[PDB]
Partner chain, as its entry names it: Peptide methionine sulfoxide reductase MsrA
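Consider the single chain below, provided in structure tokens and representing the form deposited without its partner chain.
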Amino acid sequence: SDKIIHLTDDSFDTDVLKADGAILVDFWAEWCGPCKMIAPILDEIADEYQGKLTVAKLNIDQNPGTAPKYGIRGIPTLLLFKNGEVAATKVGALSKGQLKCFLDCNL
């Protein structure tokens, strides 16, 4: 969890929208079982992809406003930004194999 950027509604424009290169933003909440299931998987990808992209999470309990500006309907939802614009999204829980499948396709 040391390799994962903590986002807030206020920090978002700077950390994501203005970042150069690729960011994988994880929308999640403590009440979200399937969001917690993929947290470890996300830590390994921060690891293995450390030279390719940044991983970020935004808690929707404590930050209610950013997700609607993206039409996100419930969590987990992963958004891949490239230079502050969404390139692709993946809704629902997934496995390690499915997550790197998703990444290896847009990097």
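Residue numbers count along the first chain shown, from 1.
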### Task
Tell me which of 66 to 74 and 23 to 31 has the higher mean C-alpha B-factor in the deposited entry.
66 to 74
### Query
Going by the entry, which of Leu99, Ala87, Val91, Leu17 has the most elevated CA B factor?
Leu17
### Message
For the chain shown, is the CA B-factor of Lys52 in the lowest, middle or highest third of its modelled residues?
### Response
highest
### Message
By the recorded C-alpha temperature factor, relative to the other modelled residues in its chain, which third is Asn83 in?
### Response
highest
### Third of chain Cα B-factors occupied by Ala46
middle
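We do not show the form solved in complex with its partner chain, though everything after this point is about it.
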### Task
Considering only heavy atoms, tell me if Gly21 and its partner chain come within 4.5 Å of each other in the entry with it bound.
no
### Task
Please check if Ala56 has a heavy atom lying within 4.5 Å of any heavy atom of its partner chain in the entry with it bound.
no
#### Entry: Contact flag, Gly84 vs its partner chain in the entry with it bound, heavy atom cut 4.5 Å
no
### Message
Just checking whether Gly33 would be counted as a contact of its partner chain in the entry with it bound - the rule being heavy atoms within 4.5 angstroms.
### Response
yes
